[PDB]
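Following: one structure in structure tokens, then a few remarks.
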Amino acid sequence: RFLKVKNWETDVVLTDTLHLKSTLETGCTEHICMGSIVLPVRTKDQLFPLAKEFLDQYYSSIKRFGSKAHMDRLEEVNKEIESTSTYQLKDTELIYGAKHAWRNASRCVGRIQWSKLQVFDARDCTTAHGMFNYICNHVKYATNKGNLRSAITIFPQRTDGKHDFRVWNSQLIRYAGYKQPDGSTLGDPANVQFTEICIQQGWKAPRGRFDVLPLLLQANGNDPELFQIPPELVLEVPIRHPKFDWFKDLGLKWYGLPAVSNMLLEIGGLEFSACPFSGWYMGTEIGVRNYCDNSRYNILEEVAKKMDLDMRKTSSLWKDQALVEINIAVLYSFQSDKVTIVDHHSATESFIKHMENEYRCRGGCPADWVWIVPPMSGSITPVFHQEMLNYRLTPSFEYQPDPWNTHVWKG
Amino acid sequence: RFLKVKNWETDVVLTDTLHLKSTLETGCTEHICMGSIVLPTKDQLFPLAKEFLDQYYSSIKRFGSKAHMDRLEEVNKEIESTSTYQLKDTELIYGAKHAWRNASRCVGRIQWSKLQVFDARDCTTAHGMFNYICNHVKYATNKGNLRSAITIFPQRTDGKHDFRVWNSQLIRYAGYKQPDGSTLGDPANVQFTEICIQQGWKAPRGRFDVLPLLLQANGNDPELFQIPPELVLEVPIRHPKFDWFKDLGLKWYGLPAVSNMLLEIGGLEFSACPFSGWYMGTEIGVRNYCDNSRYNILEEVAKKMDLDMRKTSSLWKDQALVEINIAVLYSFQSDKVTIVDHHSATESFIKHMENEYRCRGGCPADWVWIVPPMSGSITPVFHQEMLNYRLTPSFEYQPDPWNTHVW
Ligand code: HEM
Ligand code: HEM
Ligand SMILES: Cc1cc(N)nc(C[C@H]2CNC[C@@H]2OCCNCCc2cccc(F)c2)c1
Ligand SMILES: Cc1cc(N)nc(C[C@H]2CNC[C@@H]2OCCNCCc2cccc(F)c2)c1
Ligand SMILES: C[C@H](O)[C@H](O)[C@H]1CNc2nc(N)[nH]c(=O)c2N1
Ligand SMILES: C[C@H](O)[C@H](O)[C@H]1CNc2nc(N)[nH]c(=O)c2N1
Ligand SMILES: [Zn+2]
């Protein structure tokens, strides 16, 4: 069964057959669409099927389906599972696994890049200090002095779920948030809770508006430990505007490397709970969301004041006006410092080309429109006009609850 | 069964129970989400009738009553005999208000109970439809002080006697292809515009030529009519700080009046039911003006602005877009024509959602359509989880009449 998606700006129609290979569920029913809902120990029993299916994918892609190396590997995994209950991925399968999880990430507009992922195998890691080292190396490699390179570092898979490796930070680099006694917030409001945990684990907080948080790392189910990323390793870009000279005086800066550290990577039924990955920013992530969300740094008002906009009625579009300036500033600052960044026009257009190619060669590209469309200027980017079909493929990245919610403290 | 929706900017959580009353299907399955796809009998009629009337009588707090039961019999007897039935005026007003109330793509629903309903079910000809329409247009325009309205033509019978307004809006501009290969006017209406000429219309072959009405009564061939020019309120488009903006020559009409939808109440189908409210600025400034396949004017506005159009990364489109939209809101307000901005509209919709959650148990809402086509995340609807589902009464789309009409 074939499904069609139309682009209402070009009348280009596409046929999806790939959704057919989709087993996980969406949260939707024929009676309800949950398309805008943000979040809608295994058995030997369930594991070999998931293994088989993954290895069948892998082997097809290398054009070896049904080969002897294919049959043998299935038989090998099959035995390893019954004997040991889990199984180990070959390097080749891990790489392929990790690239595919990205390729399948329906909410990611950056996917045209999926096949270029640098995979770092950290499955021999045993301790938090071991993790700090792997993470430091990932940061330096990926940062590459501003010429950012995508990368993922993969720690040991879950075994009994009592020995999980976890990166407690949501991103490797993020700024502290400090709730004050007067209810206000200093720093990033999104990171207040995590910040507190760090302080409580004995982090001495400098308490500024842009303090880079320490890494809190859990190896093998043990209590997490704190570490400071070498500062010479954290590339930051001070934010200025190409015409507004007072802009720099806002004191804004941002880190250059976005690196998601709280997701679970599932491959062939295995669960890698620590698998930080990084790319480079699309400008609106910082300029729209990070700076302008009301519950983030919320600088729209102050930027608006400085521009002397009529802030007395929303119908002056002062908010919109300040938002464009701030986003101009972000892109300007990055390009000027030669740190990789991509604007939302260029990014969304790339995604369209990527998506069409994916339909052409793969029969589909699962995409979540609520997430692919940028948080400003939606309809003047080509994805807005693009119908999309959202469904779950594996390998995949998934959310997991915050570890402080689940962790058994050893004390 | 009892679903929650969280607002991620305020943390407020709402519980949805109304979705259990949902009847129609979404196009989604457990395997695949179609949330961003634009379009995913005597036996049939009585269930529908019953379910509508049960909600009507319960809404008036007469559920069960003898008045309720008698009506159920009466409609039943009439279906059984006439193979269809007629709504009381009170049911027609309720039905219409509720189809708007249930429109999950409409951000403007906070207004839903104020709909002025005009019952045109006694209409029999296209000249009659024209008259009703002109009266609707004038009442709603109200010299710039728009009032929402819907005019309802006779309901479908055998379906060889449908009333239809072939226009998609009562008021839209024409579109002509040129040997040039460019498009003059509204590229969206190019086909319809042809279908008009092919029907005898003298197109002024301009950029903002108000289309003529093409009205079809009782299944007959559709007829042309020009809306009295004086009934079409239009706003010239100027900018509160760009003098040169006037020169772009932009104008838009004040009355958004959707005419091609089908209103279903109690299983009865009203295929001609034009309705109208008033514009949210972005509808014109973002979509009509700047959609690539619409009047697509960003390019020129950008040039007039002397912005660096060398690289996408200057955000010159984004700059021009804000300006274009400041100018629309500016123009309407200056001329005292109702218009709402996206900040105000979405904020009022969040209030409406909350009212609906506590008053009705929920509010079907299609996030893909409710989030404005500019500055998404700086509007509060961006951060609002919404549950989308189909309730009746409803407005549905219907095939273009010309693919359907037998001349
Ligand atoms: C190369 C530059 C990249 C860009 C510009 C990019 C862009 C984005 C953006 C804008 C989002 C939306 C999330 C939000 O705004 O909250 C996103 C989500 C996501 N990206 Fe990418 N991405 C890139 C690279 C990567 C890489 C290397 C991976 C993994 C290998 C990845 C995996 C994902 C995943 C799993 C999501 C969904 C995350 C969530 O659900 O919050 N991305 N990406
Ligand atoms: C009074 C002020 C109103 C505002 C600001 C408003 C706003 C909007 C907007 C922005 C949309 C999305 C439009 C698009 O971009 O295509 C929409 C869709 C819709 N509106 Fe409202 N509206 C208003 C009044 C009404 C009234 C009076 C009705 C019916 C009585 C109505 C019924 C609908 C329906 C059924 C849709 C979905 C149409 C579709 O699926 O294409 N609206 N509205
Ligand atoms: C690797 C990479 C590169 C890039 N440019 N961009 C990204 C997305 C992250 C950065 N900027 C925001 C995204 O971070 C992930 C944000 N959190 C997940 C969404 C979520 C789920 C459930 C509950 C919530 F509250 C939130 C990744
Ligand atoms: C009554 C009212 C007031 C208002 N402010 N705004 C509105 C929305 C209309 C005007 N601005 C666009 C909407 O008109 C509906 C346009 N088409 C429906 C979507 C669709 C489906 C299938 C195929 C297509 F090509 C298009 C109505
Ligand atoms: C409720 C709503 O789905 C939620 O706010 C989503 C909308 N789209 C998004 N899109 C991206 N890229 N990032 C986000 O955090 C969100 N938030
Ligand atoms: C493909 C996508 O569904 C389509 O472009 C939708 C998205 N959201 C929309 N939202 C509104 N209000 N109006 C539209 O015409 C559309 N188009
Ligand atoms: Zn859905």
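Quick one: which residue in A:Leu317, A:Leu300 is at positive phi, of a type in the set (A, V, I, L, M, F, W, C) and outside the structural domain of A:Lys90 (by CATH)? Being at positive phi, of a type in the set (A, V, I, L, M, F, W, C) and outside the structural domain of A:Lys90 (by CATH) holds for just one of A:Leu317, A:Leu300, which is A:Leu317.
Among the residues of this structure, B:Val107 does not count as one that is more than 16 Å from ligand 7 (Cβ to nearest atom) and part of a helix (DSSP H, G or I).
Just one of the listed residues (B:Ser348, B:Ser377) is assigned to a helix (DSSP H, G or I) and within 16 Å of ligand 1 (Cβ to nearest atom), namely B:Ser377. Within the stretch A:113-133, being in a helix (DSSP H, G or I) and under 15 Å from the mean Cα position of the chain (by Cα) holds for A:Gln113, A:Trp114. Kindly indicate which of B:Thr82, B:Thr26 is in contact with a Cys (Cβ under 7 Å, 6 or more places away or on another chain) and either of a type in the set (S, T, N, Q) or surrounded by fewer than 20 Cβ atoms within 10 Å (Cβ to Cβ) (or both). From the options B:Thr82, B:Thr26, the qualifying one is B:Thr26. Residue-level check: of (1) surrounded by 12 or more Cβ atoms within 10 Å (Cβ to Cβ); (2) away from ligand 4 (no atom under 16 Å from the Cβ); (3) not in a loop (DSSP other than H, G, I, E, B), A:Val5 misses just (2).
Criterion applied to A:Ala367, A:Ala329, A:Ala347 was being out of contact with any helix residue (DSSP H, G or I) (no Cβ under 6 Å at 6 or more places or on another chain), more than 25 Å from A:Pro276 (Cα to Cα) and hydrophobic (A, V, I, L, M, F, W, C), and the one residue passing it is A:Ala329. Checked against (1) away from chain A (no Cβ under 11 Å); (2) among the charged types (D, E, K, R); (3) part of a helix (DSSP H, G or I), B:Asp318 passes all but a single condition, namely (1). Kindly check whether there is at least one residue in the stretch B:372-394 that is of a type in the set (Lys, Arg), surrounded by fewer than 22 Cβ atoms within 10 Å (Cβ to Cβ) and within 10 Å of another protein chain (Cβ to nearest Cβ). Yes, the stretch B:372-394 contains a residue that is of a type in the set (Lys, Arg), surrounded by fewer than 22 Cβ atoms within 10 Å (Cβ to Cβ) and within 10 Å of another protein chain (Cβ to nearest Cβ).
Among residues that are surrounded by fewer than 21 Cβ atoms within 10 Å (Cβ to Cβ), out of contact with any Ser or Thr (no Cβ under 9 Å at 6 or more places or on another chain) and either part of a loop (DSSP other than H, G, I, E, B) or not acidic (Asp, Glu) (or both), A:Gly287 is not included. For the structure I just gave you, tell me whether A:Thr92 is under 23 Å from the mean Cα position of the chain (by Cα), among the β-branched types (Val, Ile, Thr) and surrounded by 14 or more Cβ atoms within 10 Å (Cβ to Cβ). Taking the combined requirement at face value, the residue does not satisfy it. Taking the conditions exactly as written (assigned by CATH to the domain that holds B:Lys21 and part of a helix (DSSP H, G or I)), does B:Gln86 satisfy them or not? So B:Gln86 does not fit the description; no.
The selection criterion, being among the aliphatic types (A, V, I, L, M), within 19 Å of B:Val258 (Cβ to Cβ) and either assigned to a strand (DSSP E or B) or within 23 Å of the chain's Cα centre (by Cα) (or both), does not hold for B:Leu184. Among the residues of this structure, B:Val406 does not count as one that is closer than 24 Å to A:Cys28 by Cα and either in a helix (DSSP H, G or I) or more than 16 Å from ligand 1 (Cβ to nearest atom) (or both). The combined condition, being within 16 Å of ligand 1 (Cβ to nearest atom) and under 30 Å from B:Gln384 (Cβ atoms), is not fulfilled by B:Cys28. Taking the stretch A:351-371 as the range and being assigned to a helix (DSSP H, G or I) and within 12 Å of chain B (Cβ to nearest Cβ) as the test, the residues that pass are A:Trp369, A:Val370, A:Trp371. Of all the criteria given as (1) of a type outside the set (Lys, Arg); (2) away from ligand 4 (no atom under 16 Å from the Cβ); (3) crowded, with 24+ Cβ neighbours inside 10 Å; (4) under 22 Å from the mean Cα position of the chain (by Cα), the one not satisfied by B:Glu269 is (3). Screening the stretch B:5-17 for residues that are of a type in the set (D, E, K, R) and within 28 Å of the chain's Cα centre (by Cα) and picking the one that is farthest from the other protein chains (Cβ to nearest Cβ) gives B:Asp16.
Against the test of being among the small types (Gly, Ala, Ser) and within 14 Å of chain A (Cβ to nearest Cβ), the options B:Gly64, B:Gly27 yield a single qualifying residue, B:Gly27. Apart from one condition, A:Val13 fits all of (1) within 16 Å of ligand 1 (Cβ to nearest atom); (2) farther than 24 Å from A:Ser396 by Cβ; (3) of a type outside the set (S, T, N, Q); the exception is (1).
Note: ideal-geometry Cβ built from the backbone for every residue, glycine included; neighbour counts use all protein chains shown. Numbers and lists here come from the model and the stated rules, or from a named source; nothing here is a laboratory result.
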